[PDB]
Structures are given as C-alpha cells and as structure tokens.
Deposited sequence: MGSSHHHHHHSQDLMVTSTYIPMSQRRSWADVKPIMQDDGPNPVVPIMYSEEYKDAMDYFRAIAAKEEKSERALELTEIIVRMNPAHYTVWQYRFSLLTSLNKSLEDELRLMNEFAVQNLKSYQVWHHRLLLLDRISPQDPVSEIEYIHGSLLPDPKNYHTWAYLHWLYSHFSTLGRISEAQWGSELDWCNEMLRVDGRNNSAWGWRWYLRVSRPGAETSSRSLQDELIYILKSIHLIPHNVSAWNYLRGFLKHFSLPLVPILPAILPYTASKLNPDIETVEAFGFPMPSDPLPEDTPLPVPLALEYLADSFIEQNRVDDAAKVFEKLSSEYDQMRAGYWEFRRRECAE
C-alpha cells in the first residue's frame, strides 16, 4: 500500500508544487501516483533550495523511477557536495544502480563527477570496475568514452604509472583476442599506442604496431576494423603503402607478417578494402590509370553498394 507524502510526518512542513504544464499540454505522460508525488515535493524542495538528507533521499527515489532526469541528477550532486557526503558511498550506490539496470547519459556523467571530485591518488579500482562492466556489453559507447576520460584526466594529474599503461594494453589485447571485430577496443588501442600524449614514437614501436595490425588482418581478412586501423596508422605517420603491398596483394585476387599459405576457409576474394589499398598504392606511384581500373572494378563488381563513390574516385584519377 502506497503512503502519500502528504501523510508522512517527515514532510508535513512541505507544501508541494504542481507541475506547471499549462491547461492542456501536448505530449503529456500519464505519470504514476508515486512519481507525480515525488516530483511535486521535489519542485518544492528546489524552490526553497533545501540541501538536506530528506532531499537527498527524494532525489534517489526519483532517479530510480527515471534515471534520465538530468535536473534531479544535477540537484543530487549539489546535495552531495553541500552536505559533504561520502562520495565513496555514492560511488557504491552507483554500483548498485548498475546491477538493477539503471543507466543513462546522466548516470555515467554522475560517476564521472564523483571521480573528478574524489580525485583519488590511484584510480586503479575504478579502472578495474570499468573493465568488469564491459563484459556484459563490450561496445557500450558511454563506458568506452568514460574510460578514455578516466585515463586522460588522471594522466594529466600524473597519476597513471607506466605499469598501469602496460596492464591497460594487456587488457586491450585480451579484449581484441576474444573479439577482434570489437571496433571499440581498436579505438582504445589507438589511444594507448598513438594518440595519448605519453605514447612512444620510435622505429621499434612503429614496427611492433605494424606487425600487430598485419597479424590481425591475416587472422580476419574481412575485419573492417583492422583495415581502417591500418589506413589510419599509415596516414597518421605518413608511411608509404607500397612496402607493405606484398602482405595485401594476396587479398586482391618479406620482413613483415604474410597471409597463410592456404588462406583461411570462408575468405572469398577479393577483399574490397584490399582493392582500395591497391588503388591508393597505385596513386602513390602516380599510376592513375591502374588506380582507375581498380576503382572501376570496385564500382561495377566487387563493392557495388558504393558504386557511385568508387566511380567518383575513378573520375578523380583523370
């Protein structure tokens, strides 16, 4: 049996404020009694700017019914800072919010604001929690973006050690081993190996990265993520395409990894992005006529869904 907040002794002093939607508003929502009652008293709490424990409990009740209510989440964080509440306990509440399937843009941002204000000397415990939360959903965009912020924010504070970077690459390599088609993990590797300010750029690192890329392509020749990573890698470091062509030509039918003698089963040829590599390598050699023939085959035969795009690339050769 539901007990209205007007009959609760802890709220007898509060005069609720009704939602001012107008007499006959469009897109109205048939709220439950419990949700309308909590928002009626939240409007009164926010009107009097009350920072109290009962206001904190009320915000939790509301966000449990509507985790996307950004105004209530904003008010809740102001309650935590004003009352000097234990942000670690709130962080544990957000862990309980993940088990009960309560997530949104606001829940993830609330966790970010907590870590920012806590500012732990070592955020390794939060890093491990993010890794564990990615197991049910390995491609959660909010989680991957939050992991980028976590490492970026605390490395700015100098709190990410070299051993932490190393174990993070180990975890990223394991994620790609379980599913090499996880484009989110490929982007995370790009941060760890290329884009982050502390990344090493030497002849050994360029060789190691090119080996990992070619091995990933040889393992899954039709993995678009590996091909995009290869094209981005070569373009970012201004590396030529021709020296690596021996490892790509077998897919268009030396000192770097090569495809298997017999290609893996269920690998129909040619690979369209391998043809794009061949055409771009022809342009690198100023062989625009040979590149136009590859673009013409991509447009009319091997990648006809993008027939107009490859035709556009063919006309640019002239």
In sequence order, what intervals of the deposited sequence carry no C-alpha positions?
-> 1-18, 272-283, 349
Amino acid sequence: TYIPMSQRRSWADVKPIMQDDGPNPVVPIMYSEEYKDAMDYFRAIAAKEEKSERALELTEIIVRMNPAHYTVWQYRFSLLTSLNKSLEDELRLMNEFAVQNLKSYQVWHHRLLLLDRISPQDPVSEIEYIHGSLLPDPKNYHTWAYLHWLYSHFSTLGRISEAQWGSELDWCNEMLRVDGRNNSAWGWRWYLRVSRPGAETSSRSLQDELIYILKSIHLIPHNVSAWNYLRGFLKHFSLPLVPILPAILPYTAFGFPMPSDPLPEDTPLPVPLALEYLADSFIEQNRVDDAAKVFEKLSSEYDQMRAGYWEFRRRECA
From here on, numbers count along this sequence of modelled residues.
Thinking of the other compared PDB entries, is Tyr70 one of those residues unmodelled in at least a third of them?
-> no
Specify whether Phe254 falls into a modelling gap in a third or more of the other PDB entries of this protein.
-> yes
241-249 versus 143-151: which one carries the higher mean Cα B factor per the record?
-> 241-249
119-127 versus 101-109 - greater average Cα B-factor per the deposited record | 101-109
Go through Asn173, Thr71, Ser202, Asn183 one by one and give the residue whose Cα B-factor in the PDB entry is largest.
-> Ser202
Between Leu275, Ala55, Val288, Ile62, let me know which has the highest C-alpha B-factor in the entry?
-> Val288
Consider only the C-alpha atoms of the modelled residues in this chain, order them by B-factor as the entry records it, and name the third containing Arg92: lowest, middle or highest.
-> highest
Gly22: C-alpha B-factor third of its chain, per the entry, is the highest
Tell me, lowest, middle or highest third: where does the Cα B factor of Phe254 rank within its chain?
-> highest
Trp11's Cα B-factor: lowest, middle or highest third of the chain?
-> highest
Third of the chain's Cα B-factor distribution that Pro136 belongs to, per the entry | highest
